[PDB]
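Heads up, the chain below is alone and in the form deposited in one PDB entry; it's given as structure tokens.
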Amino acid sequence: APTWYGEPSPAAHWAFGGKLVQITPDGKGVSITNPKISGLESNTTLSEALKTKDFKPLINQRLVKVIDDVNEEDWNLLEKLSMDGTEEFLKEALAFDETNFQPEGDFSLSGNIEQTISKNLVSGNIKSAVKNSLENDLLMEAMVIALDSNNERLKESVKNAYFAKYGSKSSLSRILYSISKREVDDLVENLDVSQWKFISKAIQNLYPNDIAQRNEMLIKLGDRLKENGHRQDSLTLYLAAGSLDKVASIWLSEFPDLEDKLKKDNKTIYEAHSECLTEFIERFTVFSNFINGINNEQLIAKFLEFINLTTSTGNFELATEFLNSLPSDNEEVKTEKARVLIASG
């Protein structure tokens, strides 16, 4: 028969930390537990690698179970960055693969040009010789005379004369023009992206004792690479400019498509979302562990997200770790910081 009230029943409930509260069959006892949800498992590897700072296993895990081709590069980039170390990595990644004449016989000053310049010389007038030279297409000579004096302004009035009509008909001429005038702006902004490992050396070469500038330029290049098909490479430049923000931004934009390729792989909306945010977080953690680097909203936003998935695993310890790394300026960060505390404490 049916009855209005008081029937016996477990009266089950879920609570923070993934705990299940129910009533014993005797109807007089309460039982709290942490059920085993196939598919959900506290992240040990992350907790253990984050402490022993040895992501060899973690990296070896993601690598052996990677998703799409691109993802594989990133973990490989991290697999090798793991062994060789940051410094040693950026090395292997930014490097590369007649005199005499004896005069003979009679000769003579033919022409006015020659005679005028010759007279100048002997008459110890090294300055005029060059003027008379330049005002004729005797640049080769003008240069030879100048390559003999000390006078800088003169020893330079010719360079600016060479470039004046050649730096535009020769790529090597335009490059010299830049090496000469101690600059990179030109290469960094117009030299073909394919020869980046070069524009790379022109930054470390011209700014060897001014890091702020060295990195402002390296960055300016990375952006250009990534925006012109050199994704893998722009990351290398960023890794050397210490701009985790750029790498973060790229990865946050690549997030969606990544969660989609996972959802098509026979996974529930949750398995996909779950798996995705985890891969991104482990990929970001290991990467931030080798570079020289939170103020990015979405990153924070998604950081908070991984927190909850972690608390739900009961692993309050790994949850706090990420809680710490977030700006204690954010209230959501504040609240969860407090909640995780009591929940565990």
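Start at 1 and count along the sequence shown; that's the residue number. Between two forms, the rigid core is the largest collection of C-alphas that superpose within 1.5 Å.
The form deposited in another entry exists for this protein as well; it is not shown, and the discussion that follows is about that form.
Entry of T320, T45, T285, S312 that shows, once the rigid core is matched between the shown form and the other one, a C-alpha shift of 2 Å or more: It is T45.
query: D74: with the rigid core matched between the shown form and the other one, does its Cα shift 2 Å or more?
result: Yes, the C-alpha moves 2 Å or more.
message: After a rigid core superposition, would you say the CA of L237 moves by 2 angstroms or more between the shown form and the other one, or not?
response: It does not, since the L237 C-alpha is displaced less than 2 Å between the shown form and the other one after the core fit.
field: Large Cα move at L90 between the shown form and the other one, threshold 2 Å, rigid core
entry: It does shift by 2 Å or more.
Pairwise C-alpha change, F306 versus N60, in the other entry against this form - closer or farther, 3 angstroms or more: Compared with the form shown here, the C-alpha atoms of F306 and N60 sit farther apart in the other entry, by 3 Å or more.
Direction of the Cα shift between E73 and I203 in the other entry, where the change is 3 Å or more: Between the C-alphas of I203 and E73, the gap widens in the other entry (3 Å or more compared with this form).
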